[PDB]
Amino acid sequence: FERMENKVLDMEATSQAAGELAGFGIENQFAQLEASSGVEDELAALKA
Amino acid sequence: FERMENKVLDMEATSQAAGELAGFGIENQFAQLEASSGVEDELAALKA
Amino acid sequence: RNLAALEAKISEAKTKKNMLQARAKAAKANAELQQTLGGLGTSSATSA
Amino acid sequence: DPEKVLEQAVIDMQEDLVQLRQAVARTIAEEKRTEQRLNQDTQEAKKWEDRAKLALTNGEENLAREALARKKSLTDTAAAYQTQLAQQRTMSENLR
Amino acid sequence: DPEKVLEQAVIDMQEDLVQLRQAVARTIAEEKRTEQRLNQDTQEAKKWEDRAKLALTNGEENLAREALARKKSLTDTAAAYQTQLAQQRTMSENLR
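Going line by line, the protein sequences match chains A, B, C, D and E.
Our numbering runs 5 ahead of the 1-based position in the first sequence.
Our numbering runs 5 ahead of the 1-based position in the second sequence.
Position 39 of the third sequence, counting from 1, maps to 29 under our numbering, and the rest follow consecutively.
Our numbering runs 22 ahead of the 1-based position in the fourth sequence.
Our numbering runs 22 ahead of the 1-based position in the fifth sequence.
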């Protein structure tokens, strides 16, 4: 169980490496995606 | 009979070694076990 | 009483480790899925 | 040539989607099992609770308390499995 | 010729960026571990605190104080690890 537990920490360490690099300018494009999402909500209000 | 008697003392000496090491923090967990035992007794009173 | 207590140790010790091992294996499997989703390589076509 | 590289990357994408489907399907299998496991476990405590009710009928408080011991063990497992099921559900949606 | 030197320096730059990525990734791994380490440690003090609560039930003040001894040891480690985690976070951003 200790042996497997170390592997879990390795995955968490990999998650740390995976998570830290995740940050990119793409986050700005998500705001555009959410901005476009409001359009359908605005159109949804038009349907209402 | 003397020969066997010495072996008995060896077992008692082993018991001394076995008994002395028996002490551990697990004794505290027994109090929890007995504490949980009271719950069923309390529930037993509820049934009564 | 020693046998009764010993049986409890064996049952819980066996089952707890197995489920721990199973979930631990599940944990890495989920982590691999997330890593692979980020590790998609079709973006290499930009060179073409 | 970019033509070949772009085509190859497209071909690679075909492999990746299949694997994630398998991972999701694996996730579906895991959540189902714990759901199955936790469901029956919750009942076993009721069964042993009934064994106590027999004890409640006459005498064997020990059996009643013993039944509680199984009850306490089972409910803890259900909570642990319930916690585990939450992780799979979150992970399942993440992959989805 | 400057052409070759300029090209070679460009080629060298390709190596350097990869190494810093590895260093960052190493930094990510280190911070994750201490995060994992400190998180569980904080709980262990609670667990031993519970062992004291058993002592609080009846008698064994020694066990309660003993439990505090583990509590004191663990919290100090968490503070030290918390301090260590701060250094990695600062260092990580520096490299970033």
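A virtual CB, placed ideally from N, CA and C, is assigned to each residue, including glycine.
By the Cβ test, the stretch 19 to 37 of chain A is in contact with the stretch 47 to 64 of chain E, since at least three Cβ pairs between them sit closer than 8 Å. A Cβ-Cβ contact shorter than 8 Å links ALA31 of chain D with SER34 of chain C. Under the three-state reduction of DSSP output, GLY43 of chain B falls in the helix class. Taking a 10 Å sphere around the C-beta of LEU85 of chain E, we find 16 or more other C-beta atoms and assign the residue as buried. Take the alpha-carbon of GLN62 of chain E and the one of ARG55 of chain D: they are about 28 Å apart. Cα atoms of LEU30 of chain C and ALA45 of chain D: separation of roughly 15 Å, rounded to the nearest angstrom. Rounded to whole angstroms, the separation of the alpha carbons of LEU23 of chain C and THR105 of chain D is 21 Å. Note on geometry: alpha-carbon atoms of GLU66 of chain E and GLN41 of chain D lie some 39 Å from one another. For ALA45 of chain D, the secondary structure class from DSSP, reduced to helix, strand or coil, is helix.
Between the stretch 84 to 98 of chain E and the stretch 41 to 52 of chain B there are fewer than three inter-stretch CB-CB distances shorter than 8 Å, so the stretches are not counted as touching. Closest in alpha carbon position to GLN110 of chain D, among C:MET9, C:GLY28, C:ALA16 and C:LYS(-1), is C:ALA16. For the 8 Å CB-CB criterion, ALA77 of chain E and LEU90 of chain E do not form a contact.
Rounded to the nearest whole angstrom, the C-alpha separation of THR112 of chain D and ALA27 of chain B is 45 Å. In chain order, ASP63, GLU66 and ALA67 place their CB closer than 7 Å to the CB of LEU96 of chain E, counting only its own chain and leaving out the 5 sequence neighbours on each side. Counting only the Cα atoms, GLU115 of chain D lies some 13 Å from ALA21 of chain C. Under the DSSP assignment, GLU83 of chain E falls in the alpha helix (DSSP H) whose first and last residues are 83 to 117.
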